[PDB]
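The next block holds one structure in the form of structure tokens; read it before the comments.
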Amino acid sequence: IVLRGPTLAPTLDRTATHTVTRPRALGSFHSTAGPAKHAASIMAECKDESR
Amino acid sequence: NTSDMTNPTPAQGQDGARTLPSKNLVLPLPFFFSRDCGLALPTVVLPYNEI
């Protein structure tokens, strides 16, 4: 009778189970900030020519 | 590009009545895993995701 290496099929594991899909990592590179500021304009209360 | 597709063919009534042959063509897909043997997708290690 014919003799040969028996064929064994691996089993177990898990394929396409409980898809998560969360690989994103937040963060990027762009400009830092802007150094801008302003004062409260200029007030003027003067009349009568007090020298 | 085998001079069978790029050769102009005149109308049927003209001297050149040759028709363009229909032969299947194959195009390799250049990907990062196909760039080198050392790089390959671990399909067994990534069952959760779909490719």
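Naming scheme: A, B, ... for chains in displayed order of the structure tokens; residues 1 onward per chain; ligands 1 onward as shown.
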Within 10 Å of chain A, which residues of chain B are there when counting only C-alpha atoms? Please give them as a PDB file with N, CA, C and O atoms, in the first residue's frame.
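Printed below is selection.pdb as written:
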```
ATOM      1  N   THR B  43      -0.051  39.382   6.092  1.00  0.00           N
ATOM      2  CA  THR B  43      -1.491  39.157   6.041  1.00  0.00           C
ATOM      3  C   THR B  43      -1.968  38.350   7.243  1.00  0.00           C
ATOM      4  O   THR B  43      -3.070  38.577   7.755  1.00  0.00           O
ATOM      5  N   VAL B  44      -1.151  37.401   7.706  1.00  0.00           N
ATOM      6  CA  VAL B  44      -1.506  36.645   8.902  1.00  0.00           C
ATOM      7  C   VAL B  44      -1.506  37.546  10.132  1.00  0.00           C
ATOM      8  O   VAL B  44      -2.330  37.372  11.037  1.00  0.00           O
ATOM      9  N   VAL B  45      -0.599  38.525  10.186  1.00  0.00           N
ATOM     10  CA  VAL B  45      -0.523  39.412  11.342  1.00  0.00           C
ATOM     11  C   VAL B  45      -1.593  40.496  11.302  1.00  0.00           C
ATOM     12  O   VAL B  45      -1.934  41.061  12.350  1.00  0.00           O
ATOM     13  N   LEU B  46      -2.164  40.786  10.129  1.00  0.00           N
ATOM     14  CA  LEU B  46      -3.207  41.801   9.982  1.00  0.00           C
ATOM     15  C   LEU B  46      -4.481  41.151   9.452  1.00  0.00           C
ATOM     16  O   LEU B  46      -4.815  41.295   8.267  1.00  0.00           O
ATOM     17  N   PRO B  47      -5.219  40.429  10.301  1.00  0.00           N
ATOM     18  CA  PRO B  47      -6.517  39.899   9.866  1.00  0.00           C
ATOM     19  C   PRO B  47      -7.654  40.878  10.105  1.00  0.00           C
ATOM     20  O   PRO B  47      -8.699  40.800   9.452  1.00  0.00           O
ATOM     21  N   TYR B  48      -7.457  41.806  11.046  1.00  0.00           N
ATOM     22  CA  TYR B  48      -8.514  42.747  11.401  1.00  0.00           C
ATOM     23  C   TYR B  48      -8.827  43.694  10.250  1.00  0.00           C
ATOM     24  O   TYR B  48      -9.996  44.011  10.001  1.00  0.00           O
ATOM     25  N   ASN B  49      -7.803  44.153   9.541  1.00  0.00           N
ATOM     26  CA  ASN B  49      -7.969  45.138   8.485  1.00  0.00           C
ATOM     27  C   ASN B  49      -8.163  44.463   7.131  1.00  0.00           C
ATOM     28  O   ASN B  49      -7.784  43.309   6.919  1.00  0.00           O
ATOM     29  N   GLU B  50      -8.766  45.210   6.209  1.00  0.00           N
ATOM     30  CA  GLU B  50      -8.984  44.766   4.841  1.00  0.00           C
ATOM     31  C   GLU B  50      -8.124  45.599   3.901  1.00  0.00           C
ATOM     32  O   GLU B  50      -7.985  46.813   4.073  1.00  0.00           O
TER      33      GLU B  50
END
```
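For the atom pair formed by CA of residue 28 in chain A and CA of residue 32 in chain B, the distance is 24.5 Å, given to one decimal.
By chain and then residue number, the residues within 8 Å of range 7-9 of chain B are residues 16, 17, 18, 19 and 20 of chain B, counting only C-alpha atoms and disregarding those fewer than 6 positions away in sequence.
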Writer output for current selection, C-alpha atoms, as an mmCIF file, in the first residue's frame:
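So the final result, stored in part.cif, reads:
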```
data_model
loop_
_atom_site.group_PDB
_atom_site.id
_atom_site.type_symbol
_atom_site.label_atom_id
_atom_site.label_comp_id
_atom_site.auth_asym_id
_atom_site.auth_seq_id
_atom_site.Cartn_x
_atom_site.Cartn_y
_atom_site.Cartn_z
ATOM 1 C CA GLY B 16 -4.544 47.907 -45.852
ATOM 2 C CA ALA B 17 -7.487 45.956 -44.446
ATOM 3 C CA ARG B 18 -5.589 44.516 -41.472
ATOM 4 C CA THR B 19 -7.524 44.551 -38.203
ATOM 5 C CA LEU B 20 -6.014 45.152 -34.783
#
```
Handout entry: Backbone DSSP call of helix (DSSP H, G or I) for chain B, listed as a VMD selection string
Key = chain B and resid 32 to 35
Can you write just those residues out, N, CA and C atoms, as an mmCIF file, in the first residue's frame?
```cif
data_model
loop_
_atom_site.group_PDB
_atom_site.id
_atom_site.type_symbol
_atom_site.label_atom_id
_atom_site.label_comp_id
_atom_site.auth_asym_id
_atom_site.auth_seq_id
_atom_site.Cartn_x
_atom_site.Cartn_y
_atom_site.Cartn_z
ATOM 1 N N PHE B 32 5.127 49.064 -2.611
ATOM 2 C CA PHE B 32 6.272 49.006 -1.709
ATOM 3 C C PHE B 32 6.623 47.572 -1.333
ATOM 4 N N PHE B 33 5.625 46.694 -1.207
ATOM 5 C CA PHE B 33 5.929 45.298 -0.913
ATOM 6 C C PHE B 33 6.484 44.579 -2.137
ATOM 7 N N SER B 34 6.120 45.027 -3.337
ATOM 8 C CA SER B 34 6.663 44.452 -4.560
ATOM 9 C C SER B 34 8.019 45.032 -4.933
ATOM 10 N N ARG B 35 8.443 46.116 -4.279
ATOM 11 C CA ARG B 35 9.745 46.703 -4.582
ATOM 12 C C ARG B 35 10.880 45.738 -4.263
#
```
Practice task
Using only C-alpha atoms, find the one residue out of B:28, B:51, B:23, B:39 that sits nearest to residue 2 in chain B.
Solution key: B:23
